[PDB]
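3D model of this:
(2 chains, ligands or ions: 2)
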Number of protein chains: 2
Amino acid sequence: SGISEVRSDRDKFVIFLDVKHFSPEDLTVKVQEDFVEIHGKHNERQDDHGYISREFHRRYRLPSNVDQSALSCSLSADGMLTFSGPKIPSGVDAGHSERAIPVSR
Amino acid sequence: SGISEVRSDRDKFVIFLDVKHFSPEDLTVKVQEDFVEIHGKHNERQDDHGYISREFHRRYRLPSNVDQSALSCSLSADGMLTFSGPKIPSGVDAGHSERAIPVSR
Ligand SMILES: [Zn+2]
Ligand SMILES: [Zn+2]
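Numbers count the residues shown, from 1 in each chain, chains lettered A, B, ... in the order given. Ligands and ions are numbered 1, 2, ... in the order given. Below is the structure in question.
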């Protein structure tokens, strides 16, 4: 869905960002103040002592019910960055059919 | 597969233990020295000032490649206890097609 697609549904929050002109090592992702801050900078030599630098920053609001301890981010072979996090479950019927048993370590 | 079924495959380790005569609060699960230690004790009044206590302990070896930080345990409506943990992935082709990007917090 173009350069940037942000989907937020009952179970998860996902950002898809096209960064095809970048290398994986050029990207940083940082979460602060309920924002996702994504940066990239990529430099290339061009003919006759030229060069090009491409750079971006994208700030996205993180939904308040995303679990910030379960965030993940990956870059696909074709240069799509996916950032995602699960939403914290509704407590309705928590433990109704199956019940969690604590595992002590 | 009877009282106790232990399955260990490429991706996970799972114990299924029938504890139908127990209540959820009667069970404890503790991991120590690469063992899972499961205990239950359940007491019931019976007629004419009688009572019955049922108790068990089951120790299971945890495979060395299970991720002990990702263990889970649940009790089903019909009284089956499931303990499971994922195995740590093989590193072969880690990041080959899609690459993890660190999320700094
Ligand atoms: Zn390049
Ligand atoms: Zn009972």
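
burial count for residue A:96?
By other CB atoms under 10 Å in any protein chain shown, the residues close to residue A:96 number 8. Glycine gets a C-beta too; all of them are placed from N, C-alpha and C.

and it, which helix or strand is it part of?
Assignment of secondary structure by DSSP states H and E places residue A:96 within no helix or strand.

try residue A:91
Counting by DSSP H and E, residue A:91 is found in no helix or strand.

which helix or strand contains the residue nearest the centre of chain A?
Closest to where the C-alpha atoms of chain A average out (CA atoms, centre = their mean) is residue A:83, at 1.8 Å. Assigned by DSSP H and E, residue A:83 belongs to strand A:80-86.

just checking: what are the partner strands of that strand?
Sheet pairing here is set by DSSP bridges, and for strand A:80-86 it gives strand A:12-18 (antiparallel), strand A:72-75 (antiparallel).

rewinding a little: give me the beta-bridge partners of the residue nearest to the centre of chain A?
For residue A:83, the beta-bridge partners are residue A:15, residue A:73 (DSSP bridges).

can you name the residues that contact it?
By CB atoms under 8 Å, 6 or more residues apart in numbering or on different chains, residue A:83 lies in contact with A:14-15, A:17, A:29, A:36, A:38, A:60, A:71-73, B:103.

can I get those in TSV with neighbour count and distance to residue A:94?
Listed next are the contacts of residue A:83 as TSV, based on neighbours: other CB atoms under 10 Å in any protein chain shown; distance: CB to CB, whole Å:
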residue	neighbour count	distance to residue A:94
A:14	15	24
A:15	21	28
A:17	23	34
A:29	21	31
A:36	24	28
A:38	23	33
A:60	16	29
A:71	18	22
A:72	13	24
A:73	21	28
B:103	17	27
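
out of the residues you listed, which comes closest to residue B:56?
For the contacts of residue A:83, the closest approach to residue B:56 (CB to CB) belongs to residue A:72, at 39.2 Å.

these two touch, right, that closest one and residue B:102?
No. Counting by CB atoms under 8 Å, residue B:102 is not a contact partner of residue A:72; they are 10.1 Å apart.

if we can go back for a sec, I'd like the strands paired with strand A:80-86 laid out as CSV, including distance to residue B:43.
As requested, these are arranged in CSV below (distance: least, CB to CB, whole Å):
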stretch, distance to residue B:43
strand A:12-18, 44
strand A:72-75, 45
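
and chain A, which residues reach chain B?
Contacts of chain A with chain B, taken as CB under 8 Å from any CB of the partner chain, map to A:24, A:27-32, A:68, A:71-77, A:81, A:83, A:97-105.

filter those down to the buried ones and express that as a PyMOL selection.
Restricted to buried positions by 16 or more other CB atoms under 10 Å in any protein chain shown, the PyMOL selection for these reads:
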select buried, chain A and resi 24+27+29+31+71+73+74+75+81+83+99+101+103
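
just the residues of chain A next to chain B: which are in helices?
The helices, defined by DSSP state H, take in nothing from the residues of chain A next to chain B.

count the residues that sit near residue A:26.
15.

tell me who's in contact with it.
By CB under 8 Å, 6+ apart, residue A:26 lies in contact with A:40-42.

which residue sits closest to it, ignoring its sequence neighbours?
residue A:42 (4.6 Å; CB to CB, 6 or more residues apart in numbering or on different chains).
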